[PDB]
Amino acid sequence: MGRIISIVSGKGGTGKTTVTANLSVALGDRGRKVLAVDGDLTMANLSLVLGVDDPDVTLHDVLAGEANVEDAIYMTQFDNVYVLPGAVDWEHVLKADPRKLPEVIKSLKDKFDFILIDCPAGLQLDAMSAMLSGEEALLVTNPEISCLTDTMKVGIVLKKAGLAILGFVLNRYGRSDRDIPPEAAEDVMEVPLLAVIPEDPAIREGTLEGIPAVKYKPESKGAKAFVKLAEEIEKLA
């Protein structure tokens, strides 16, 4: 398929890595070959969340021109799921040229059905370089008006940049009695609501376990919502 999807947001801590990891496993479980990419250069967490904790070669090495991207592709314990991990040390962060993200990622298009890019939030250099490496964008936001409007702005930017905006995910819903309900959130976002991921301790547990909740705790509300999201993502093909 070769669909490159940028997982983005207007703010950090909204669930980008969580959505990237769970969606990857959900899609992989449906038989699709997935590459989870950690484009969050200053806060590499994706590989750890997928249980790959010891990679010697990372995207940072590739972006520094010190390694071929082929050598930064690792297996994960999940069927059909591979990862392009990021380094955590500052020296690696410094030497990774973010401007080379688009060319590096797109060169892998023919080897996967889905390439999900975990992006840092915002509109600064690293964020833009990562988001612009994708062809499609999945907006991730929380039930906060400020988070919604900020994420909306990112979507508009990406839309103008040429990316197909698939829609958005309303994550961490139910965390507070002040949360904006889905119907209203969609009315605000101006893009299709693809899934509501509830606030669920099971998701946090998966994060700490290094095994996405979608697989670690398959009967949790969070797991089931991600399975549905994966179904929706495939339909929008």
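Don't overthink the numbering: it's just position in the shown sequence, from 1.
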item: Stretch with the greater mean C-alpha B-factor as recorded in the entry, comparing 193-201 against 35-43; value: 193-201
item: 228-236 or 1-9, whichever carries the higher mean Cα B-factor; value: 228-236
item: Deposited CA B-factor, highest of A130, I145, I115, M75; value: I145
item: Of the residues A87, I156, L101, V83, the one carrying the largest Cα B-factor as recorded; value: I156
item: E183 - which third its CA temperature factor falls in, relative to the rest of the chain; value: highest
item: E66 by Cα B-factor - lowest, middle or highest third of the modelled chain; value: middle
item: Chain-relative CA temperature factor third for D110; value: highest
item: Chain third (lowest, middle, highest) by recorded CA B-factor, residue given as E135; value: highest
item: Assigned third (lowest, middle, highest) for the C-alpha B factor of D150; value: highest
